[PDB]
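Source file: data.csv. Holds: CSV, C-alpha atoms and all ligand atoms.
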```csv
chain,number,residue,atom,x,y,z
A,1,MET,CA,-15.6,6.4,-0.3
A,2,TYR,CA,-13.3,3.7,1.2
A,3,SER,CA,-15.2,0.9,-0.6
A,4,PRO,CA,-14.5,1.6,-4.3
A,5,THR,CA,-13.4,-0.6,-7.2
A,6,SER,CA,-10.0,-0.6,-5.5
A,7,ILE,CA,-11.3,-3.5,-3.4
A,8,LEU,CA,-11.6,-5.6,-6.5
A,9,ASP,CA,-8.1,-4.5,-7.5
A,10,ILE,CA,-6.3,-4.8,-4.1
A,11,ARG,CA,-2.9,-4.4,-5.8
A,12,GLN,CA,-0.2,-3.9,-3.3
A,13,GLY,CA,1.4,-0.5,-3.1
A,14,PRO,CA,5.2,-0.2,-2.7
A,15,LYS,CA,4.7,1.0,0.9
A,16,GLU,CA,2.2,-1.7,1.8
A,17,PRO,CA,3.1,-4.9,3.7
A,18,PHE,CA,2.3,-7.8,1.4
A,19,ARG,CA,0.0,-9.8,3.7
A,20,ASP,CA,-1.8,-6.6,4.7
A,21,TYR,CA,-3.1,-5.8,1.2
A,22,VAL,CA,-3.6,-9.6,0.6
A,23,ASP,CA,-5.7,-9.5,3.8
A,24,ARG,CA,-8.5,-7.5,2.0
A,25,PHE,CA,-8.1,-9.7,-1.0
A,26,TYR,CA,-8.7,-12.6,1.4
A,27,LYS,CA,-11.9,-10.9,2.6
A,28,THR,CA,-13.2,-10.9,-0.9
A,29,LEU,CA,-11.9,-14.4,-1.5
A,30,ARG,CA,-13.8,-15.7,1.5
A,31,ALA,CA,-17.0,-14.2,0.3
A,32,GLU,CA,-16.9,-14.9,-3.5
A,33,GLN,CA,-15.5,-18.4,-3.0
A,34,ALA,CA,-18.1,-19.9,-5.3
A,35,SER,CA,-15.8,-20.8,-8.2
A,36,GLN,CA,-13.0,-22.2,-6.0
A,37,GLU,CA,-11.6,-23.8,-9.1
A,38,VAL,CA,-11.0,-20.5,-10.9
A,39,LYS,CA,-10.3,-18.6,-7.7
A,40,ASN,CA,-7.4,-20.9,-6.5
A,41,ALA,CA,-6.0,-20.9,-10.1
A,42,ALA,CA,-6.2,-17.2,-10.1
A,43,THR,CA,-4.7,-16.5,-6.7
A,44,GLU,CA,-1.5,-18.3,-7.8
A,45,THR,CA,-0.6,-15.8,-10.4
A,46,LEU,CA,-2.9,-13.1,-9.0
A,47,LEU,CA,-1.3,-12.4,-5.7
A,48,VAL,CA,2.3,-12.5,-7.1
A,49,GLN,CA,1.2,-10.1,-10.0
A,50,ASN,CA,-0.8,-8.1,-7.4
A,51,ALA,CA,2.5,-7.1,-5.8
A,52,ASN,CA,4.4,-3.9,-6.5
A,53,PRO,CA,7.2,-4.4,-9.1
A,54,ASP,CA,9.9,-4.4,-6.4
A,55,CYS,CA,8.0,-6.8,-4.2
A,56,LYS,CA,7.5,-9.6,-6.8
A,57,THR,CA,11.1,-8.9,-7.9
A,58,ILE,CA,12.4,-9.8,-4.4
A,59,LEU,CA,10.0,-12.8,-4.0
A,60,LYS,CA,11.7,-14.6,-6.8
A,61,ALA,CA,15.1,-13.4,-5.7
A,62,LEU,CA,14.9,-14.6,-2.1
A,63,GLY,CA,12.5,-17.5,-2.8
A,64,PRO,CA,15.2,-20.2,-2.3
A,65,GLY,CA,16.1,-18.7,1.1
A,66,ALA,CA,12.6,-17.8,2.0
A,67,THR,CA,10.3,-20.8,2.6
A,68,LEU,CA,6.8,-19.3,2.8
A,69,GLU,CA,6.3,-17.1,5.8
A,70,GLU,CA,9.8,-15.8,5.3
A,71,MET,CA,9.0,-14.5,1.8
A,72,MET,CA,5.8,-13.2,3.1
A,73,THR,CA,7.6,-11.3,5.9
A,74,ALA,CA,10.2,-10.2,3.3
A,75,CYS,CA,7.4,-8.4,1.5
A,76,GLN,CA,5.9,-7.1,4.7
A,77,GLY,CA,7.2,-3.6,5.0
A,78,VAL,CA,9.3,-3.5,1.8
A,79,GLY,CA,12.5,-1.9,3.2
A,80,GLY,CA,10.3,-0.6,6.0
A,81,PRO,CA,7.4,1.7,5.1
A,82,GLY,CA,8.7,4.5,7.4
A,83,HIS,CA,12.3,3.3,7.3
A,84,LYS,CA,15.0,5.4,5.7
A,85,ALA,CA,16.5,2.1,4.4
A,86,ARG,CA,14.1,2.1,1.5
A,87,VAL,CA,14.8,5.7,0.6
A,88,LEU,CA,18.5,5.1,0.4
A,89,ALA,CA,18.0,1.8,-1.4
A,90,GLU,CA,16.0,3.8,-4.0
A,91,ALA,CA,19.0,6.0,-4.5
A,92,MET,CA,21.4,3.0,-4.6
A,93,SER,CA,19.3,1.3,-7.2
A,94,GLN,CA,19.1,4.6,-9.1
A,95,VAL,CA,22.8,4.9,-9.7
A,96,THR,CA,23.3,1.2,-10.3
A,97,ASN,CA,20.6,0.4,-12.9
A,98,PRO,CA,19.3,2.6,-15.7
A,99,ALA,CA,15.9,0.9,-15.3
A,100,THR,CA,15.1,3.6,-12.7
A,101,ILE,CA,14.8,6.3,-15.4
A,102,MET,CA,12.4,4.1,-17.3
A,103,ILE,CA,10.2,3.8,-14.3
A,104,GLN,CA,10.7,7.5,-13.8
A,105,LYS,CA,9.2,8.2,-17.2
A,106,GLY,CA,6.5,5.6,-16.5
A,107,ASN,CA,5.8,7.6,-13.3
A,108,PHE,CA,4.1,10.1,-15.5
A,109,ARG,CA,1.4,7.4,-16.1
A,110,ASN,CA,1.1,6.9,-12.3
A,111,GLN,CA,-1.1,9.3,-10.2
A,112,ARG,CA,1.6,10.4,-7.8
A,113,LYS,CA,-0.8,13.1,-6.6
A,114,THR,CA,-1.0,11.3,-3.2
A,115,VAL,CA,1.8,13.6,-2.0
A,116,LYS,CA,-0.6,16.5,-1.5
A,117,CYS,CA,-1.2,16.8,2.2
A,118,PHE,CA,-4.8,15.6,2.8
A,119,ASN,CA,-5.7,18.3,5.3
A,120,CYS,CA,-3.5,21.2,4.4
A,121,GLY,CA,-4.2,21.0,0.7
A,122,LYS,CA,-0.7,21.3,-0.7
A,123,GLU,CA,2.2,18.8,-1.2
A,124,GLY,CA,4.4,20.7,1.2
A,125,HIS,CA,3.9,17.9,3.7
A,126,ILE,CA,2.7,14.3,3.7
A,127,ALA,CA,-0.5,13.4,5.5
A,128,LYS,CA,1.2,10.3,6.9
A,129,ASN,CA,3.6,12.5,9.0
A,130,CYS,CA,1.7,15.8,9.2
A,131,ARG,CA,-0.4,15.9,12.3
A,132,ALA,CA,-2.2,19.2,12.2
A,133,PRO,CA,-5.9,20.0,13.0
A,134,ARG,CA,-6.3,22.3,10.0
A,135,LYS,CA,-9.8,21.5,8.8
A,136,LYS,CA,-12.2,18.6,8.0
A,137,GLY,CA,-12.1,17.8,11.7
A,138,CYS,CA,-11.7,14.1,12.5
A,139,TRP,CA,-10.0,12.3,9.6
A,140,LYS,CA,-9.5,9.3,11.8
A,141,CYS,CA,-12.9,7.7,12.4
A,142,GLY,CA,-15.4,10.2,11.0
A,143,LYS,CA,-13.6,11.7,8.0
A,144,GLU,CA,-16.6,13.8,7.1
A,145,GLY,CA,-17.1,14.6,10.8
A,146,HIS,CA,-16.4,13.9,14.5
A,147,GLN,CA,-14.4,16.1,16.8
A,148,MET,CA,-10.7,15.5,16.1
A,149,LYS,CA,-9.8,16.7,19.7
A,150,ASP,CA,-11.9,13.9,21.3
A,151,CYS,CA,-10.8,11.2,18.9
A,152,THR,CA,-8.5,9.0,20.9
A,153,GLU,CA,-7.3,5.9,19.1
A,154,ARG,CA,-8.7,3.0,21.0
A,155,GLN,CA,-9.3,-0.5,19.4
A,156,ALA,CA,-9.2,1.2,15.9
A,157,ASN,CA,-5.7,2.2,14.8
B,1,ZN,ZN,0.2,19.1,6.1
B,2,ZN,ZN,-13.1,10.5,15.2
```

Show the structure stored in the file as C-alpha cells.
Amino acid sequence: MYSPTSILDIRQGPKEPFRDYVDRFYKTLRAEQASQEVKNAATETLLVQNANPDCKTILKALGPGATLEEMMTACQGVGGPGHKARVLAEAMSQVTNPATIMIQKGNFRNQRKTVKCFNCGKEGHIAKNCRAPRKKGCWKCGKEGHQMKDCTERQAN
C-alpha cells in the first residue's frame, strides 16, 4: 500500500519538511539515473514545483537571505509541522490576503479526507495525535497485523 504512484509524484505536502519528501525523490533519482541529462534538467524545476504552494513561495522570498542549506531548512517544517505558529500564520494570512478564499474554494478539489482518524473511523480526532488502541492492531510496523501492545519503537520511528 505504501508504495503507490505517489512515489513517482513525491510532491511535498504542506506539513512535510522539504528535504524529507525530497529524500524519497532522491531514492528514485539514484535508481533511475540513466538519463542524467534530463534528470538534472528536470530536478531544477521539478523540486521547486514539487513543493507545496507556501513552500516555493517562501523559497523565492527568503532566497537572498538563504544560501542553500538555509532555504532548505526554511522549508523543513514549514512553520513547524506540530507548531501552533503555522496555525496562527494561516489565520494571519487569511485576514490579510483574499487569496485564502480562492485556495479555500480550490480546497474542494483537494482530498481533505485525511482528517478522518485512521483507527477510530471518524474525523473527530487526527491519527497524528490520537493514540488509541481501537482496532487494526499495530498500525506502526505491521499495519495489517502485529500486537500494538508489544510494538515498542526501536530503530524505526
Ligand atoms: Zn481517534
Ligand atoms: Zn508493530

Step by step, measure atom-to-atom distances between ligand ZN 1 (chain B) and each residue using all atoms listed in the file, keep those at most 12 Å, then write them as a count of residues only.
-> 21

Using all atoms listed in the file, which of the listed residues (A:139, A:58, A:5, A:155) sits closest to ligand ZN 2 (chain B)?
-> A:139

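Selecting all polymer residues at most 9 Å from ligand ZN 2 (chain B), using only C-alpha atoms and all ligand atoms, gives residues 137, 138, 139, 140, 141, 142, 143, 145, 146, 147, 148, 149, 150, 151, 152 and 153 of chain A.
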
Measuring atom to atom with all atoms listed in the file, identify which of A:136, A:84, A:27, A:11 is nearest to residue 47 of chain A.
-> A:11

By how many Å are atom CA of residue 64 of chain A and atom CA of residue 22 of chain A apart?
-> 21.8 Å

Would you list the contacts of segment 105-111 of chain A as a ChimeraX atom specification, taking every protein, DNA or RNA residue within 12 Å and counting all atoms listed in the file, but skipping same-chain residues closer than 6 positions in sequence?
-> /A:13,98-99

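You will find atom CA of residue 3 of chain A at 12.8 Å from atom CA of residue 25 of chain A.
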
For the point (9.9, -10.3, 5.9) in the file's frame, write as a PyMOL selection string all residues with an atom no more than 12 Å away, counting all atoms listed in the file.
-> chain A and resi 17-19+55+58-59+62-63+65-80

For residue 144 of chain A, which residue out of A:1, A:89, A:34, A:42 is the nearest one, using all atoms listed in the file?
->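 Ranking A:1, A:89, A:34, A:42 by distance to residue 144 of chain A, first place goes to A:1.
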
Quick one, how far is atom CA of residue 93 of chain A from atom CA of residue 114 of chain A?
->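 Straight-line distance from atom CA of residue 93 of chain A to atom CA of residue 114 of chain A works out to 23.0 Å.
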
Compare A:29, A:82, A:38, A:54 by their minimum atom-to-atom distance to residue 103 of chain A, counting all atoms listed in the file, and give me the closest one.
-> A:54
